[PDB]
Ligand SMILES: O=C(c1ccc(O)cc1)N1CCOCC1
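There is one chain below, alone, in structure tokens, taken in the form solved without the named molecule.
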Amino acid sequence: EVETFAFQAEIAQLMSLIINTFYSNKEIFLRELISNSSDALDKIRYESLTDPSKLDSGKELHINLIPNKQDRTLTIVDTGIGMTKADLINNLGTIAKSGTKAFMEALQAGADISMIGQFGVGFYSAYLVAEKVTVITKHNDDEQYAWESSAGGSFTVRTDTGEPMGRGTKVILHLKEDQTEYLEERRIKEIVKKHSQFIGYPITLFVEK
């Protein structure tokens, strides 16, 4: 049972600007998703300090980067706090509305596009490199869900029947044809070292066949 939703007009506008604007510095998408993963890991760690049972869904706090040339996907997995269905449909878009407006106005000041992360909308930078994004997520208080969007003004949410996650978020980037450099080990390594060197969680870059 797949539910289809319209993006807010302001978010659809942000996604169109990300997709259509000429901007060569696309590698910043990985810094933003890793930063999002680190934030989600901070949240479940802090919650576990007053309720150790919050880690019954998984004690390990980590980030995995998994490229797959056969599927042309780059997957960013974290074991953070995850996302509820209300997060996917409503809450995150609500925050992203004001952040988008501030991001556009900041751009007219002296801000750079690479500062998208300071406005709570760094997630949408995934569309610098992906033609489709699939997000599998599991929050302790909700079921496992699959969010998916190829932009174009709409996204879908469904209950996920696949392998159970325990807890956390998996962002699957279905890469554009000309963006396969982000499946290369040496390229991902270079980006993590340049932009994510001091993340306080183990980042494991998986290698392929």
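Between two forms, the rigid core is defined as the largest C-alpha subset superposing within 1.5 Å. In case it trips you up, residue 1 is the first one in the sequence shown, and so on.
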query	finding
Stretch with the greater mean C-alpha B-factor as recorded in the entry, comparing 65 to 73 against 37 to 45	65 to 73
Residue range whose averaged C-alpha B-factor is higher in the record, 158 to 166 or 175 to 183	158 to 166
Per the PDB entry, maximal CA B factor within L88, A130, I95, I136	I95
For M15, the third of its chain into which the C-alpha B factor falls	lowest
B-factor third for the C-alpha atom of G117 within its chain	highest
Entry-reported Cα temperature factor of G110, expressed as the chain third it lands in	highest
For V207, the third of its chain into which the C-alpha B factor falls	middle
Ranked C-alpha temperature factor of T50 among modelled chain residues, by third	highest
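Note that the form solved in complex with the named molecule isn't included here; everything after this is about it.
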{"item": "Complete contact of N36, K43 and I81 with the named molecule in the deposited complex (any heavy atom, 4.5 Å)", "value": "yes"}
{"item": "Exercise: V171 in contact with the named molecule in the deposited complex, heavy atom 4.5 Å", "value": "yes"}
{"item": "Contacts with the named molecule in the deposited complex - residues in 108 to 130 whose heavy atoms fall within 4.5 Å", "value": "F123"}
{"item": "Per-residue C-alpha change between this form and the one not shown, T94, threshold 2 Å, rigid core fit", "value": "yes"}
{"item": "Post core alignment: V77 C-alpha displaced by 2 Å or more between this form and the one not shown", "value": "no"}
{"item": "Displaced residue check between this form and the one not shown: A111, CA, 2 Å or over, core reference", "value": "yes"}
{"item": "Closer or farther: C-alpha pair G93/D142 in the deposited complex, relative to this form, given a change of 3 Å or more", "value": "closer"}
{"item": "Pair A6/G93, Cα separation in the deposited complex versus the displayed form, closer or farther by 3 angstroms or more", "value": "farther"}
